[PDB]
Structure formats: C-alpha cells, structure tokens
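[1] how would this look folded up:
(2 chains, ligands or ions: 3)
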Amino acid sequence: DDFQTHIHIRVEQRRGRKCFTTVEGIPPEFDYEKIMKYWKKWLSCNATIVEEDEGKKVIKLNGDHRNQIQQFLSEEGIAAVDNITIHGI
RNA sequence: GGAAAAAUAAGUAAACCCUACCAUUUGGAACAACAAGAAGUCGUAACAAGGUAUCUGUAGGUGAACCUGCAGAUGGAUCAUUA
Ligand SMILES: [Mg+2]
Ligand SMILES: [Mg+2]
Ligand SMILES: [Mg+2]
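    Numbers count the residues shown, from 1 in each chain, chains lettered A, B, ... in the order given. Ligands and ions are numbered 1, 2, ... in the order given. Right below this line is the structure:
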C-alpha cells in the first residue's frame, strides 16, 4: 500500500552526446504547463509532455538536467531528497 | 569757541540662516551592461535554391535562434518567349 510521492529522473540517450532528461512521477495535481514553461526558460531547452499507459504524464527535456531539477523540486517542496531518485547512465 | 565717550538717521554691507536653481566634483540604497576569447548548455536562424530564396518597414506570437501576416528590394536562384 504505497500512496507516497516518489519521483524518477531518467537520463536517456537521444543521439551521440545529445540526450533526454525524463521526469517521471509528478503528482497529477500540478499544472504541468507552468513547469514546462519555467523549465524551458530556466534551463534553456525544448521539452515535451508525454502520455503513458493512459494515466502517466512525464516531462521530457532535451539535455542532461537532473541536479538542476532535483534542486527545483526540493526547493519547491514537491518532494524530499529521499523521494527523488536520479537514474543516470 | 574747539573737542573724546555716548547716542541718532540714512547708507555701504561682511557673515549666518530660509526658498529656487546653475556649474565642477563626489558618497550612494536599488538597477545594471558592453567588447574580446574559447573544449560548457538547448537547438540550427544565416552563407549552396542552408534544404521554407534572403533582406527592409510594420504588427502579432514565442526556451532559443526565429516564425507568421501585410506592402516592399535584388544585394536573386530570372537582364530573356503571344503563335
Ligand atoms: Mg544646492
Ligand atoms: Mg560571445
Ligand atoms: Mg516583437
């Protein structure tokens, strides 16, 4: 029985050195578009909203943003460092 | 008669305040650039018909260059086709 907030931050290879930072497990209650906007400007990126398995909304930024983001979430109290997991490879 | 102090009226007017400014410097909360360089980030606007020809004025949109509307210029990729 898990209702708590856990956030998975992926880094996926696009082509060559270029990549993706995929933010997964943002609670549905937050307007994703505002985070889209503010992140595009904050990080200087293009980014997208992606629909998975009919319920799951993920954020896809170009380039590797993980620490910037984890900091954004802790600072904005969307999570504790324990609930934010960062998988890079 | 002469004449010092002391007083008197008007003037010259230093200095010190109050108002409003000018000049030459200067302290300063708060804002805050620019040029140069290159092994940071996102993309690839422009050079070739840069891959949607560019570019000017304007107006709107917008992570970013930029994009789109209207009128314009070849500095164009056309000096050129009535039968
Ligand atoms: Mg003065
Ligand atoms: Mg520079
Ligand atoms: Mg404008």
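[2] can you tell me the element residue A:69 falls in?
    Using DSSP states H and E, residue A:69 maps to helix A:66-75.
[3] so which bits of the helix or strand that that helix is followed by are buried?
    Note on helix A:66-75: by DSSP H and E, the next helix or strand toward the C-terminus is strand A:84-87. By 16 or more other Cβ atoms under 10 Å, the buried positions in strand A:84-87 come out as residue A:84. (C-beta placed from N, C-alpha, C; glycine too.)
[4] what residues does the helix holding residue A:69 touch?
    Contact partners of helix A:66-75, identified using Cβ atoms under 8 Å, 6 or more residues apart in numbering, comprise A:7, A:9, A:11, A:21, A:23, A:39, A:42-43, A:61, A:79-81, A:84, A:86, A:88.
[5] mind giving me the PyMOL command for buried ones among these?
    Filtering the contacts of helix A:66-75 down to the buried ones (16+ other Cβ under 10 Å) takes a single PyMOL command:
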select buried, chain A and resi 7+9+11+21+23+39+43+61+79+84
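[6] for RNA strand B, what are the nearby residues on chain A?
    Neighbours of RNA strand B within chain A, by Cβ under 7 Å from any atom of the strand: A:14, A:17-19, A:37, A:40-41, A:43-46, A:62-64.
[7] I'd like those as CSV, with secondary structure appended.
    Formatted as CSV, those follow (DSSP: H, G, I helix; E, B strand; the rest coil):
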residue, secondary structure
A:14, coil
A:17, coil
A:18, coil
A:19, strand
A:37, helix
A:40, helix
A:41, helix
A:43, helix
A:44, coil
A:45, coil
A:46, coil
A:62, strand
A:63, coil
A:64, coil
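[8] which among those residues count as buried?
    With burial judged by 16+ other Cβ under 10 Å, the buried subset of the residues of chain A next to RNA strand B is A:19, A:43, A:62-64.
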